[PDB]
Protein chains: 2
Amino acid sequence: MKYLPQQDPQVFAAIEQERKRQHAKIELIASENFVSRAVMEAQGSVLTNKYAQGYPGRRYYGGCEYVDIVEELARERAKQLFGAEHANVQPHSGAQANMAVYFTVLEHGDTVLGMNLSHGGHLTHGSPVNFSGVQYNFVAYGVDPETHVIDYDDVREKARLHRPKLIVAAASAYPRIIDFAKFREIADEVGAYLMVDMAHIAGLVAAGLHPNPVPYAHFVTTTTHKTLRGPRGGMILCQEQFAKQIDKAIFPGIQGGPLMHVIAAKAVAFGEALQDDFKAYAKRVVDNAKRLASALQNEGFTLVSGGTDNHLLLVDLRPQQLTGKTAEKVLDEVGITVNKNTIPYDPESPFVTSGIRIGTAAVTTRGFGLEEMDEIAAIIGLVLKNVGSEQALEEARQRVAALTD
Amino acid sequence: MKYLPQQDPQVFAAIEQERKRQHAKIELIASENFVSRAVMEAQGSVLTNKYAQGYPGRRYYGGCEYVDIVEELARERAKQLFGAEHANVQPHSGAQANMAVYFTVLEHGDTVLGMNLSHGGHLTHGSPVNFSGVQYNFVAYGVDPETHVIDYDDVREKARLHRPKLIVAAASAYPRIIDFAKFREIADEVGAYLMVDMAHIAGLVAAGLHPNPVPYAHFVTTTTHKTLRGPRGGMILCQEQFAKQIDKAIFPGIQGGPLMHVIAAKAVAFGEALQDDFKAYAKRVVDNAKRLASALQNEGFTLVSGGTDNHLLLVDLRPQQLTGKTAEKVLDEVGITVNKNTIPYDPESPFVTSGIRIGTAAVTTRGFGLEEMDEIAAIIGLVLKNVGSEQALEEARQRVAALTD
C-alpha cells in the first residue's frame, strides 16, 4: 500500500493489525479462506468507478464495453467450472443470491422446505428473524438423531405433507455428502423446484470432490468466498429456462448497480479454480479435514456424524461437559479461531450450543498438511481437557505460535 | 498491480482498457465519480478474508477486534459528517439500504408514497419490476408541469388520500433542492414515517451545499459512491430510537457477512469528506453544474426546471426534436458519456425518453472548472445541432480529446 498509510493512518493501522492477526492465528472457521494477491488487486481496481446496471451487451449506461468483457469472463469461467447452462455473477452476497432465487419462484407466504437450522441449515433457509422466514412459510427436515445424516424419508414426508413450492438443500454446518439426486426425486414427486445452496462446498464441487448439484437442481446458489477461495460475494447458477427470470430477479428485482471490481475478482478466482493446482489444493482440504477428524477422535473427542466427507467437522462437546461457547472462548485465548455451533438435537440454545465447528480450507491455503492436522488436534485436546490450567494454555499458545511461525 | 498481470492476462487487459477509457472520455453520468487511490487500496485489502456478521463488539465470530475498529471509524466519521444519531455502514448497496428501511417499518402490502419515477424517483422507490413495487403498495407525487419543482400540495394530497405508512423523498434525477421540512410536516400530518434517499446529493449535504435531511427524517439512506465520492455501497442513518431495529434489519434481516474491505474504504472516503478540501471540491461541483447549465442555455438548450441547484441537470430535447436515446448515442460517438433520462411528463417511453441527464461530480474530480464547462456545453451544442454531419462529430471528437489531454 502506498497512499492509504499517508491519507488515513487510523484505517491503515487497523488493517495492518488485521493482516498480522490473519498470519498469527490458526483460522479454523469453516467458511474462511485467504484469497490470492491477484484477487485483491482486482477488487482494488478502478472498476469501482463504473455504473453497469443491466447485463453484458444489454446495459443501461454507455461505456460498458470493457466491464462487459470482465463480467462475461466471470460467467463463462463459472459455466466451465460447474457445467451450468447459465450464471449470474452479480449477487452482492450469498444472502442476495438466495434472496433473488426466492424472488424468482415464490410469492409472499409460499411454503418452502429447508434443512433444520439447528441441524446445519443456514439463516437464509428460513430463520424467523431473517427475510426468508418472515416472507415465506418455512418448514424443516432433519438429520437422523444417531447418524446425524439427513433423513431422506423425513425430507420426503415433510415435502408430501407440506407441499412446498420450493425445496432447499445445502448447509452451513453439515459434514457429509448431500445426495442431490434424492432431493430432486423428492422435489419431482411433489412438483417442487429444487434449490441447492452450495456456498460451503463450492470449491470441493469445482474440484470434483463433492457431487455436483447443477445437473439435479433448477437453481444453485453459492458464495464466491469459502472453499471456492474467491472474493466476498454471491453467484447463481441455473438451467437456461430460468436465465431470463433469474437475471431480472437480480436486476431490476433486488439489486441496482453490480460491484464490477468484485466481479473482476470473481473472474480471477474462477480462473484459479480452473487450474490443476486448485484441484490439488481442494484434495488437501478434504484430506486435511479427514486427518483432523481422525486425530480429534484419537484425542477422545466425539464428532457429529462420526467424522467428515468434506472440509468441515463438528465436535459434540457433551462428553467433556463443555458448551461450544466455553470451548470457543478458551481456544481464542491460545490463538485458535473456531465458532460455537449448534449440533443436531442440541439441548443448548444457539447462543450457547454444545459444539464447535471446524474447517480446514484456510489452514490448507497457508500450506498446512497432515502433520499439522495432528498437532492442531493435539493442541485442542490439551486445551479442552485442561480449561482451568493457565500452564496448559500457555503451552498451547506456544505450540500455536510454532505452527504459524 | 503486480500479481494480476501475471496470474490473469485476460482480466488485466480488460481492467487496463477500462482505466484508459476512464481517462479518455468525458464522464457526465450524474451518479459517477472517481475514488482516491487510498479508497481503492482499502478495498484491495486482506479485510475481504474476514467474516464479521453482527456489529462491533457484538459479532458472531471471534477475531474481529481490528475490523471492529474499522467499522467504528466508518460509523463515527459518518455521524460527524451528517450529524446523525446512528449509522449503519454495512449495506452492500443503495438498493439494500432502502430494502432494510422498508423491512424495518413496513409489512407486506403497506402503502408507501414516493416520487413519480418518470419525474425523478428511483427504481427502488416503487418500480413495479423492483422488489419495492412488488412487495409494497406504492403511490406517487409529481412535480409541477411548468416549473418541474416537486408539487408539495400534491405530496400532501396524495398522503392524505392514500394514508401511507412511509413517505419517501429524494431522487435520481431531480435538479433542485428538496424541502425536507415540508416532507416532514406532511408526514406528521398523516402519521407517516419519513425516509430520505440522499444517494445523489450526499456529498453536497456533507459539504453544507444542500440542506441536511437528517434532522427531518426518521431514516436517511444513501449510496457511498456518487457525490460522496466513496466506494460502491450503501449506508443508513437514523434516529437512536430506530438504531436497534435498523441494525437487525440489515443483519440478520436482509444481509449476512458485511464487506469489511468495502467498509474500510467507506471509512477512508468519510475521512476525505471531513477535510476542508472536500468542501471546496463539492462547491466546485455545484458551481460547475450551474456554469454548465447556463452555458447549455446559451447554446439554445432547454433545461428541466430551468437550471440546477445541485450537481445535476436534465436537458429537455423536445425543442431539438431529438430523443434522449438519439442524443446519448451520438454523444457516445464523440467520447461524451451521458444517459438518456425521462423528463417529467415525457411523451416517450423510459426506453427512448426526451431527455439526457448530466452531472459534474466526475469531471470536477479530475479538475475541470468553469472554462471546461463552457467548452463541454459548446461541444454538446456542436454535436446535437449537427447529428448528421460526420465532420462536426470529428471536430467534437478532437475537442473532447483536447479536454482530457
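Within every chain, numbering begins at 1; the chains are lettered A, B, ... in the order of the sequence lines, protein sequences first and strands thereafter. Below, all heavy atoms of this structure are taken into account, side chains as well, without hydrogens, waters or symmetry copies.
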Interchain contact, [X] with chain B, by part (heavy-atom threshold 4.5 Å):
{"X": "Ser127(A)", "answer": "neither"}
{"X": "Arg77(A)", "answer": "side chain"}
{"X": "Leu73(A)", "answer": "side chain"}
{"X": "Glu18(A)", "answer": "both"}
{"X": "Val262(A)", "answer": "neither"}

So which of [options] has the largest heavy-atom pair count under 4.5 angstrom toward chain B?
{"options": "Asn339(A), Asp332(A), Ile69(A), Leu123(A)", "value": "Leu123(A)"}
{"options": "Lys248(A), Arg37(A), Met40(A), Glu328(A)", "value": "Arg37(A)"}
{"options": "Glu65(A), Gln275(A), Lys329(A)", "value": "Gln275(A)"}
{"options": "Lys340(A), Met1(A), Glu27(A)", "value": "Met1(A)"}
{"options": "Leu4(A), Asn49(A), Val39(A), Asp8(A)", "value": "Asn49(A)"}
{"options": "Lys2(A), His92(A), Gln6(A), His108(A)", "value": "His108(A)"}

Write down the atom of [X], the atom of [Y], and the distance for their closest heavy-atom approach.
{"X": "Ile254(B)", "Y": "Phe131(A)", "value": "CA-CD2, 4.2 Å"}
{"X": "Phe103(A)", "Y": "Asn130(B)", "value": "CZ-C, 4.4 Å"}
{"X": "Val70(B)", "Y": "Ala14(A)", "value": "CG2-CB, 3.6 Å"}
{"X": "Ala95(B)", "Y": "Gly256(A)", "value": "CB-N, 3.9 Å"}
{"X": "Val268(A)", "Y": "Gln7(B)", "value": "CG1-CG, 4.3 Å"}
{"X": "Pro5(B)", "Y": "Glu41(A)", "value": "CD-OE1, 4.0 Å"}

Is a donor from one side chain sitting under 3.5 angstrom from an acceptor on the other, for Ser93(B) and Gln255(A)?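 There is no such pair between these side chains.
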Any donor-acceptor N or O pair under 3.5 Å, side chains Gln135(A), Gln135(B):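 On atom types as modelled, these side chains qualify, holding a pair under 3.5 Å.
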Report the option among [options] that has the most heavy-atom pairs separated by less than 4.5 Å from atoms of chain A.
{"options": "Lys50(B), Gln10(B), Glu16(B)", "result": "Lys50(B)"}
{"options": "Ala264(B), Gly44(B), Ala362(B)", "result": "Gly44(B)"}
{"options": "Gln96(B), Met260(B), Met99(B)", "result": "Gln96(B)"}
{"options": "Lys25(B), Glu272(B), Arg19(B)", "result": "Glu272(B)"}
{"options": "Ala13(B), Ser31(B), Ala267(B)", "result": "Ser31(B)"}

Output all residues satisfying ring-ring contact (aromatic ring centres under 6.0 Å, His included) with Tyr60(B), sequence neighbours left out; order by chain, then residue number.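 Result, ring-ring contact (aromatic ring centres under 6.0 Å, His included) vs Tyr60(B): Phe251(B).
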Any residue meeting ring-ring contact (aromatic ring centres under 6.0 Å, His included) with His225(A), in chain and number order, not counting sequence neighbours: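 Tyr51(B).
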Spell out, as yes or no, whether a donor-acceptor pair under 3.5 Å connects the side chain of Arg232(A) to the backbone of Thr48(B).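 Yes: the side chain of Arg232(A) pairs with the backbone of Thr48(B).
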If we only count heavy atoms from C-beta on, is the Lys20(B) to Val46(A) side-chain gap below 4.5 Å?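 SC-SC contact between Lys20(B) and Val46(A) ruled out.
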Please say whether the positively charged group of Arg21(A), taken as NZ for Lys or CZ for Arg, lies over the ring of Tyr66(B), i.e. under 6.0 angstrom from the six-membered ring centre and within 45 degrees of the axis.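 No cation-pi geometry.
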Considering only heavy atoms, which portion of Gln17(B) lies under 4.5 Å from any heavy atom of chain A: side chain, backbone, both, or neither?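 For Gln17(B), heavy atoms of backbone and side chain both lie under 4.5 Å from chain A.
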So what's closer than 4.5 Å to chain A heavy atoms on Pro258(B): side chain, backbone, both or neither?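 Contact with chain A is through the backbone of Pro258(B) alone.
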